[PDB]
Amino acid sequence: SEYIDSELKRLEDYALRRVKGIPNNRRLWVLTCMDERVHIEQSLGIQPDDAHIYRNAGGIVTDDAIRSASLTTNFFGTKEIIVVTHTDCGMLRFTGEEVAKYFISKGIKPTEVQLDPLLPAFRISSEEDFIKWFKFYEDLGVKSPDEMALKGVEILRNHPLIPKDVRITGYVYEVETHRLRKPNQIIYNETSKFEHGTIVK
C-alpha cells in the first residue's frame, strides 16, 4: 500500500517530468543523423532515458537543431551537448544542385515551395538559397564528417541561445564498426603500415 503509493508517485513523476521540471537522467542533448546505422545510445554508452536525442539528415546544425537545443538547455536543464556526425552519411553523397535539378525536373518551383508550412516567415527568394537549404557537405565546403562534427560544435558554442556553461563535444560515428572516434583520429592507415614500435617494459 505504502509500496504502491511510493511506486505510483514514481510513475506520476516519470509521466510528467516536463510539467514538474525534471530533466533527462544525464542532462544531455545529442545532435546526430537520422541514418539507421547510427545506433547512437550504444555508442555513447547511455540508457534510453539518459538524453534528448535530436536527429536530422546529416546531424547538421539547422534552425530546428538550434531551436531544440535552446529549449533543452534553457528550460529542460540539459548541461551537456554531444554532436555526432557519421561515416557514409547521405549528406556527403550528393549535391544540392543535383537535388534541386531533380525537383525542377518533376515540376517543382523552388521559389514558391512552402519550406516551413507552420512558419510562413521562412522564405528564400533565390534558387541558390534553395540549394544551400538542403545543407549538403560539399555545398557547405565541408570535406569530412570529422570536419562537420567540429563545425557543428563551434556553431552551438558560439550561439547566443545556448548558455556558455553548457559543455559541447563532437564525435564521428563509424558505421562500419558501430562505434565513435575522435574527429580526425584515424588509425586505419597507421595499423597497415610500418611504424617503429617500442620494447615492452
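Position 1 is the first residue in the sequence shown; the rest follow in order.
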Requested in this report: Read off the CA B-factors in the entry, average them over 67-75 and over 104-112, and name the higher stretch.
Outcome: 104-112
Query raised in the report: Quick one: higher average CA temperature factor, 25-33 or 144-152?
Result: 144-152
Requested in this report: Please place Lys20 in the lowest, middle or highest third of its chain by C-alpha B factor as given in the entry.
Outcome: lowest
Query raised in the report: Where does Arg123 sit by CA temperature factor within its chain: lowest, middle or highest third?
Result: highest
Query raised in the report: Lowest, middle or highest third of the chain for the C-alpha temperature factor of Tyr54?
Result: lowest
Query - Third assignment of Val99 from its chain's C-alpha B-factors - result: highest
Report summary line: Binned into thirds over the chain's modelled residues, the C-alpha B-factor of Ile82 lands in the lowest
